[PDB]
Amino acid sequence: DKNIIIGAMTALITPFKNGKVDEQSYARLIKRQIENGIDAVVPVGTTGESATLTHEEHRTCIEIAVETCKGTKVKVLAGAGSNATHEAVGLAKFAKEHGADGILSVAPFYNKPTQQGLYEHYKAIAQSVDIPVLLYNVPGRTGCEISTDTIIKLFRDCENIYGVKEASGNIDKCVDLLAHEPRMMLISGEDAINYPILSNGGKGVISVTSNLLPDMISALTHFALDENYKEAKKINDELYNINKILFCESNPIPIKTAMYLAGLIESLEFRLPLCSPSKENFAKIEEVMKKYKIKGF
Amino acid sequence: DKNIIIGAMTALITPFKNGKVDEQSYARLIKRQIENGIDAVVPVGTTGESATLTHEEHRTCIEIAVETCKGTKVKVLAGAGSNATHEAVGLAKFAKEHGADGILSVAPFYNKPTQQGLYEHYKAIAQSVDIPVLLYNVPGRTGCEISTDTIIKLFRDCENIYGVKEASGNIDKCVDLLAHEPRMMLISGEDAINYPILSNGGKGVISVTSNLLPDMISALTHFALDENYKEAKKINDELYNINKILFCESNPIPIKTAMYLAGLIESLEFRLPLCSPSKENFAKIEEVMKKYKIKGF
Amino acid sequence: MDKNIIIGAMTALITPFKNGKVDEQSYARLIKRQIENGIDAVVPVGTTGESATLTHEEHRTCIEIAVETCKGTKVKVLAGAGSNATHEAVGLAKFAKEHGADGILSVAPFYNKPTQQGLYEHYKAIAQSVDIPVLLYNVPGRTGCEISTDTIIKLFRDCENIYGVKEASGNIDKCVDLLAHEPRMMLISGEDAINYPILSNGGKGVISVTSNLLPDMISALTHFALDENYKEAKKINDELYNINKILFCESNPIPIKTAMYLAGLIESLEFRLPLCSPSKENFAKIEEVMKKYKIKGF
Amino acid sequence: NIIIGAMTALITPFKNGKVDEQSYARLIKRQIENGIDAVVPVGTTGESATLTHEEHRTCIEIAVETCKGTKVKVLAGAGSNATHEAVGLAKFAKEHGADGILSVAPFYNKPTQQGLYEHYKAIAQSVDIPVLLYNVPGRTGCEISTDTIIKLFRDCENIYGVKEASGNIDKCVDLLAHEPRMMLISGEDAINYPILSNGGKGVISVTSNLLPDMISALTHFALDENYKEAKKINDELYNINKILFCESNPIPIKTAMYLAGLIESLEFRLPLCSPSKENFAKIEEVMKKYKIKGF
């Protein structure tokens with residue numbers, strides 16, 4: 001079998017304080033995930049503003065997550081993607097030496113590689129490290145789609161590519177993947193449809209919502225894995241509202257905003273071109289939050 | 001509190017011979033559905049080439065279904081919709097007059113009414129009969145979408161409107177619908193994702209595939225309704241290839257092609273503008289069919 | 001080839017209702033207004049004319065009124081006669097010819113999504129049924145299907161009657177494609193906001209929603225462009241942008257009928273379900289945009 | 001101050017994994033000798049994603065030196081989805097002697113319109129040279145709205161227009177109807193003529209790597225209001241304009257340049273790679289229809 005990283009996972013926000021990553025806060029937030037039943041954390045993914053972080057800042061976040069998760073079952077699945085293969089290989093290698101348990105590698109954004117290019121991109125990445133590699137398909141952001149065929153071919157040709165984080169709002173593709181390759185780990189990258197993905201044999205979530213509600217996302221995931229579909233569906237339905245409003249502006253603007261409103265972070269800072277939401281959206285976010293029980297530290 | 005028509009349902013093809021409805025074949029095909037565990041049939045829907053049947057033919061097909069199903073538990077959910085409200089109302093009242101147990105009424109195509117018009121459209125239809133009305137949302141065909149809000153208002157405001165056939169490939173909307181209104185009957189109008197819809201609380205399917213494999217579709221649906229999700233998923237996975245190929249060209253072109261190849265209908269005859277599939281797709285359909293056990297008469 | 005054509009500035013006529021029936025006296029008045037403002041042809045019972053909700057008889061009546069009202073003028077009648085059932089479309093085609101239409105506009109089959117092959121046979125059957133010009137109509141946003149460039153060109157070349165296409169797809173690339181491979185066909189704009197770009201690329205006319213309200217401006221635009229006075233045609237197209245967009249704030253013809261009502265050109269603002277009156281807000285928006293334009297009287 | 005007319009989005013030729021610098025200059029010289037008004041080093045067609053910052057600087061400098069003493073201007077690609085990086089790239093381009101910069105909308109991270117606004121304002125405030133916005137939603141996952149383009153044009157003196165690659169002539173009408181002063185630049189070869197005939201003032205072309213003389217003639221005919229001649233060229237070029245997109249740009253253009261003997265090797269940087277054998281043969285076929293100018 002392949003080595004895998006599954007279960008309830010959080011795409012960690014990266015808190016800033018006067019432009020700099022807030023390291024005490026970051027560690028404090030990770031610890032809060034762990035104490036609320038989360039199985040893995042993802043430093044410096046999309047939700048962690050990877051695009052505007054430096055290479056050094058990636059290292060710092062990965063190291064903090066690794067350190068914090070040390071001596072626990074919680075794994076670190078490090079964001080380590082790029083639209084340049086040489087960069088992506090480099091980032092994977094670095095994540096590996098910093099002690100990450102695996103990497104999440106987003107499909108090349110902006111330059112629209114062909115399916116053949118995608119295949120070689122990921123093959124190079126997978127052959128550069130010996131840790132699990134999770135594909136990440138989010139065509140709304142990247143402008144390309146890793147086809148089911150390409151995903152399956154990568155799973156079958158590269159030993160450490162074990163699955164895909166799917167953020168495409170396409171349940172038909174999920175059926176397709178698991179009908180043809182049942183050894184695949186399909187991971188939900190879309191909070192609103194966590195349950196439908198899990199009930200079709202998906203094996204985890206990489207969640208934005210779990211930043212704010214780690215206990216509910218882990219319970220949902222664990223219920224689903226336990227084949228308690230009733231309880232998992234109940235949680236998924238009650239979370240629908242917040243799962244949508246967290247995208248009323250581009251992620252992670254709403255989640256960071258909500259984290260701040262909840263007193264989980266000290267200051268609401270983004271790195272350009274991300275910025276504070278409109279005062280209207282700030283209100284919409286504050287409105288939905290107050291309808292949920294939020295765990296402190 | 002509502003009267004409903006749920007479970008495994010077939011969108012019946014309409015067989016032609018010499019440019020006419022083959023009335024004997026039609027009755028024979030329906031009997032095959034009855035004997036294979038189907039809970040309801042849908043005469044003159046999209047799969048029955050409703051657009052190209054005359055009024056007298058609409059009648060003929062509904063009567064045959066009504067007469068063939070009499071004395072069995074199998075219901076008739078008649079296709080009766082139009083993009084003109086006075087016509088839709090007329091068809092609704094005719095269907096009831098012919099003895100249909102309920103109606104399936106497609107959102108107005110081509111003229112793109114606003115949500116207010118959709119509401120009034122369906123309110124008028126629902127008030128004209130005293131049998132169950134199921135909404136039918138299929139944006140790719142109609143050019144419009146019944147919003148979740150409109151769907152829920154109609155369900156709550158109109159006594160006989162009891163659910164929606166969703167054919168939009170949007171599992172997010174399905175979560176949305178059942179989270180805000182858990183009492184409605186959400187019916188799958190998309191074969192490949194039957195299981196996901198049912199596993200989220202959907203209560204039936206209106207299937208194209210069941211023309212060919214009524215036993216497998218009824219078993220899938222009944223397993224899911226019995227909360228045997230493992231066996232429902234198993235069947236949905238096996239069906240994925242044929243579910244997919246049955247839409248390689250616009251339905252009902254592939255399903256009729258398959259029915260002809262299976263020897264279930266005499267001729268592969270369509271009414272223009274529908275026609276035989278491409279020879280490439282014909283081959284694909286013929287190949288995919290080999291993997292399944294098709295029931296005869 | 002060398003075909004019989006119907007081109008120039010054309011209006012997709014609205015169908016005024018009074019008390020749930022077609023207002024026939026009003027229909028005639030609106031057509032006279034188009035004629036006197038330089039319009040080259042009128043299209044009775046198109047999408048803008050709420051074709052979907054008219055009866056076969058009302059469809060007849062509208063064509064007859066258009067035919068009688070244009071009699072003795074240079075203005076031609078290009079009757080809507082589309083359907084998603086080929087036998088019905090053939091019937092509507094013969095219908096229109098019999099009632100004196102100079103040509104037909106035939107929309108691509110909506111809802112049932114025929115293949116390119118089925119589209120070809122659909123139009124071939126229609127073309128062979130009458131001896132008057134046939135204009136194709138591609139509006140994918142409404143029908144759920146697109147007639148490809150290949151299919152349009154094949155139809156143009158194989159069928160004597162088919163002389164062009166009304167394109168409402170917002171895809172200027174396809175227009176380039178069409179006229180690059182088949183420079184003999186009449187490409188007609190069915191998208192008002194972009195009449196000028198279509199005309200400047202060799203398009204030969206428009207079938208306009210906006211001309212219902214501003215027939216003098218649309219006809220001026222078209223003739224400037226047809227005379228290669230492109231700078232003047234552009235000026236008008238830019239001036240018309242505001243109203244061209246607002247007329248689709250809700251589905252055509254809800255906004256145009258509302259505007260005709262607001263201009264005092266029709267007696268009542270009535271639609272047939274599932275179409276209905278616009279929201280109060282869009283009513284206000286239409287009213288405000290209209291104030292920037294000179295609207296010809298009766 | 002502006003940069004308009006017929007412009008080329010330069011491909012970046014590789015040799016043994018490195019930028020072939022001699023080949024690069026020779027290509028730019030060929031563009032100059034065929035009537036091109038400006039060249040765009042290291043845009044999307046130049047595989048900007050896969051070049052290091054030093055390679056970026058090198059291409060810009062080679063463009064600047066090669067254009068020295070001619071009327072041809074250098075509009076440098078300097079976009080990024082991180083504002084701190086975009087500003088840095090812009091400032092480097094300026095100190096390398098670029099005449100202006102072409103700055104793509106932040107890709108992947110989907111900024112809000114307010115964020116795009118602050119992003120571009122910061123870029124524009126960082127240099128005193130002209131700045132051309134670049135809208136290509138298909139690649140970035142976001143769109144600079146017409147309102148945002150107009151605000152930025154009006155609020156920042158040196159933001160002078162937008163390269164539009166959205167395949168949406170309606171937006172082009174909207175832009176020039178509400179703000180005619182801006183320079184609308186076609187970023188989509190197949191519809192160069194329609195954009196120019198509506199008041200566009202230039203093209204940033206993929207095709208002109210291969211056929212610089214036809215693209216510049218098209219553009220110049222259009223600017224001279226000779227629409228008949230501009231259309232005729234746009235129509236002739238339609239086949240090549242489409243086939244150059246049968247796979248993601250710049251895969252086809254580089255393949256064609258290779259087949260034409262204009263660059264030495266058909267070499268990309270991953271995740272880009274050679275086209276399929278089918279597309280390769282299709283590209284070869286379409287090329288036979290056009291006269292490809294030499295050096």
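Cut-off values and rules
- Residues numbered from 1 in each chain as written, not as in the entry; some residues may be left out.
- Chains lettered and ligands numbered in written order.
- Heavy atoms only, no water.
- Helix = DSSP H or I, 4+ residues; strand = E, 2+ residues; numbered from the N terminus.
- Rg over C-alpha atoms; globule rule 2.2 N^0.38 Å.
- Buried < 20%, exposed > 50% of the residue type's maximum accessible area, 1.4 Å probe, protein only.
- Contact = heavy atoms within 4.5 Å.
- UniProt positions renumbered as here; feature names shortened; annotations may be inferred.
- Polar contact = N/O pair within 3.5 Å; in protein donor to acceptor, adjacent residues only side chain to side chain.
- Pairing = 2+ DSSP bridges.
- Axes fitted to C-alpha atoms, helices over the stretch in contact; angles between N-to-C directions.
- Buried area = accessible area lost by both parts, 1.4 Å probe.
- Salt bridge = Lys/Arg side-chain N within 4 Å of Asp/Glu carboxyl O.
- Disulfide = S-S within 2.5 Å.
- Parallel < 35°, antiparallel > 145°, perpendicular 65-115°, else oblique.
- Left-handed = near helix turned anticlockwise from the far one by under 90°.
- Nonpolar A, V, L, I, M, F, W, Y, C, P; charged D, E, K, R; others polar.
- Right-handed = clockwise from strand over helix to strand, strands pointing away.

*Asks:* Got a minute to help me understand the overall build of chain D in this structure?
*Replies:* The number of helices and strands found in chain D is 13 helices and ten strands. Taking 295 residues into account, the globule formula puts the C-alpha radius of gyration at 19 Å, and chain D, at 18 Å, falls close to it. Dimensions of chain D along its principal axes, counting C-alpha atoms only, are 45 × 45 × 40 Å. The burial tally for chain D puts 63% of its 295 residues in the buried class. Residue pairs at least 24 apart in sequence account for 71% of intrachain contacts in chain D once pairs closer than 6 positions are excluded.

*Asks:* Before we go on, may I ask you to explain the UniProt feature "active site" in chain D in this structure?
*Replies:* When the UniProt feature table is mapped onto this chain, "active site" is found at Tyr134(D) and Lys163(D). A maximum C-alpha distance of 4.6 Å is found for the annotated residues, which run over 30 residues; spatially they form one tight group. Mapped onto the fold, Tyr134(D) is located in strand β7 (residues 131-135). Here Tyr134(D) falls in the buried class, since its relative accessible area comes to 6%. With residues up to four places along the chain from it excluded, the contact list for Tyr134(D) reads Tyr110(A), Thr44(D), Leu102(D), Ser103(D), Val104(D), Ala105(D), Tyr120(D), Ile144(D), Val162(D), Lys163(D) and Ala165(D). Here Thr44(D) takes part through its side chain, which lies 3.5 Å from a polar atom of the side chain of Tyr134(D).

*Asks:* Please explain the sheet that holds strand β10 (residues 205-208) of chain C as it appears in this structure.
*Replies:* Backbone-to-backbone hydrogen bonds join strands into a sheet, with any given pair of strands oriented parallel or antiparallel. Residues and elements named next belong to chain C. An order of β1-β4-β5-β6-β7-β8-β9-β10 is seen for the eight strands of this closed barrel, with the pairing classed as parallel. Strand-to-strand twist of the sheet, defined as the mean angle between neighbouring strand axes without regard to direction, takes the value 25°. Looking at chain direction, strand β7 (residues 134-138) and strand β8 (residues 162-167) are connected through five bridges and run parallel. Across the sheet, residue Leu136 finds its bridge partner in β8, namely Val165.

*Asks:* What is the right way to look at the interface of chain D and chain A in this model?
*Replies:* Often, the extent of an interface is quoted as the loss of accessible area upon association of its parts. Across the boundary between the two partners, chain D contributes 33 residues, which contact 34 residues of chain A. In this assembly, chain D packs against chain A so that about 2,900 Å² is buried in total across both faces, 62% of it on carbon and sulfur atoms. Counting the contacts that link chain D with chain A gives zero salt bridges. Breaking the side of chain D that touches chain A down by element, the ones donating at least two residues are α3 (83-95), α4 (113-126) and α5 (137-140) of chain D. Per-element accounting of the side of chain D that touches chain A gives the leading share, four residues, to α4(D).

*Asks:* Explanation requested: the interface of chain D and chain C in the structure shown.
*Replies:* Facing the 21 residues of chain D at the interface are 21 residues of chain C. Carbon and sulfur atoms make up 55% of the area that chain D and chain C hide from each other, which totals about 1,900 Å². Counting across the interface, chain D meets chain C through two salt bridges. At the junction of chain D and chain C, the tally comes to eleven residue pairs in polar contact. Going through the elements one at a time, α7 (169-178), α8 (192-197), α10 (227-236) and α11 (238-243) of chain D are the ones with two or more residues in the side of chain D that touches chain C.

*Asks:* Looking at this model, I keep getting lost on the state of the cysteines. Mind explaining?
*Replies:* Every disulfide links exactly two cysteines, by a covalent bond between their sulfur atoms. Evaluation of the coordinates by the stated rule reveals zero disulfides over all chains. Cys69(A) supplies the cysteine sulfur nearest to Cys61(A), a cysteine that is in no disulfide, at a spacing of 13 Å. Using a relative accessible area of 0% as the deciding quantity, one classes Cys61(A) as buried. The closest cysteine sulfur to the non-disulfide-bonded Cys248(B) is located on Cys275(B), 12 Å from its own sulfur. Under the relative-accessibility criterion, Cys248(B) is labelled partly exposed at 29%.

*Asks:* Would you mind showing me how to read the pattern of salt bridges here?
*Replies:* Pairing is possible between side chains of opposite charge, provided their charged atoms come close. In the structure shown here, the tally under the stated rule is 59 salt bridges over all chains. Here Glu287(A) and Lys291(A) are joined by a salt bridge, their closest N and O atoms 3.9 Å apart. For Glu287(A), a relative accessible area of 38% puts it in the partly exposed group. The shortest N-O distance in the salt bridge between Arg181(D) and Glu179(D) comes to 2.8 Å. Put simply, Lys17(A), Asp22(A) and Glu266(A) are held in one network by salt bridges that share partners.

*Asks:* In this structure, what is going on with the sheet that holds strand β4 (residues 38-40) of chain D? I would like to understand it.
*Replies:* All names here are of chain D. With respect to topology, eight strands assemble into a closed barrel ordered β1-β4-β5-β6-β7-β8-β9-β10, the strand pairing being parallel. The sheet shows a mean angle of 25° between the axes of neighbouring strands, taken without regard to direction. Relative to strand β10 (residues 202-205), strand β9 (residues 183-186) is paired through two bridges, and the arrangement is parallel. Within β10, the position partnered with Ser186 by the bridge is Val203. Its contacts with the sheet put α4 on β6 (100-104), β7 and β8 (159-164), and the angle it makes with β6 is roughly 165°.

*Asks:* Just to check I follow, could you spell out the UniProt feature "binding site: pyruvate" in chain C for this structure?
*Replies:* All names here are of chain C. As annotated in UniProt, the feature "binding site: pyruvate" corresponds to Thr48 and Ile207 in the numbering used here. Annotated residues spanning 160 residues; largest pairwise C-alpha distance 10.3 Å, indicating a single compact cluster. One can find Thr48 in the loop between β4 (41-43) and α2 (56-70). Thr48 gets classed as buried once you look at its relative accessible area, which sits at 4%. Here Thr48 is in contact with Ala12, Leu13, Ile14, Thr15, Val209, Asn212, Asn252, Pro253 and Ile256, once residues within four sequence places are set aside.

*Asks:* How should the UniProt feature "active site" in chain C be read in this particular structure?
*Replies:* This chain's UniProt record puts "active site" on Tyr137(C) and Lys166(C). By secondary structure assignment, the location of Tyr137(C) is in strand β7. Look past the residues within four positions of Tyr137(C) in its chain and what remains in contact with it is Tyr110(B), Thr47(C), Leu105(C), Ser106(C), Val107(C), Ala108(C), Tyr123(C), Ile147(C), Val165(C), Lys166(C) and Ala168(C). By the secondary structure assignment, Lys166(C) is in strand β8. Judged by relative accessible area, which is 6%, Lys166(C) ranks as buried. Ignoring anything within four residues of it in the chain, the contact list for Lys166(C) reads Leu105(C), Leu135(C), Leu136(C), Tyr137(C), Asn138(C), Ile188(C), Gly190(C) and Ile207(C).

*Asks:* It is not clear to me how the UniProt feature "binding site: pyruvate" in chain D should be interpreted in this structure. Could you clarify?
*Replies:* Residue and element names in this part refer to chain D. Within this numbering scheme, the UniProt entry marks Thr45 and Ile204 as carrying the feature "binding site: pyruvate". Within the element layout of this structure, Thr45 appears in the loop between β4 and α2 (53-67). Leave out the neighbours within four places in its chain, and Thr45 touches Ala9, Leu10, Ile11, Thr12, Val206, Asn209, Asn249, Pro250 and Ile253. Mapping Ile204 onto the fold places it in strand β10.

*Asks:* Would you take a moment to explain the packing of helix α1 (residues 24-36) of chain C against α2(C) for this structure?
*Replies:* Helix-helix packing is described using two parameters, namely the angle between the two axes and the distance between the axes. Residue and element names in this part refer to chain C. One way to put it is that α1 packs onto α2 with a least axis distance of 10 Å and a crossing angle of 40°. Relative to α2, the element α1 lies oblique. Two packed elements cross with a definite hand, and for α1 against α2 that hand is right-handed. Counted together, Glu24, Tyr27, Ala28, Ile31, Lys32 and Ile35 of α1 and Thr61, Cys62, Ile65, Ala66, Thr69 and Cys70 of α2 form the full contact between these two elements. Residue classes in the contact of α1 with α2 are distributed as eight nonpolar, two polar and two charged.

*Asks:* Sorry, what's going on with the pairing of strand β9 (residues 185-188) of chain B here?
*Replies:* Looking along a regular strand, one sees side chains alternate from face to face of the sheet. All names here are of chain B. Here β9 shows a buried face lined by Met185 and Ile187 and a second buried face lined by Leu186 and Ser188. Where strand β8 (residues 161-166) lies against β9, four bridges are found, and the strand directions are parallel. Its bridge partner lying in β9, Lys165 is registered against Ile187. Of the crossover connections in this fold, the one passing from β9 over helix α8 (residues 194-199) to the parallel strand β10 (residues 204-207) is right-handed.

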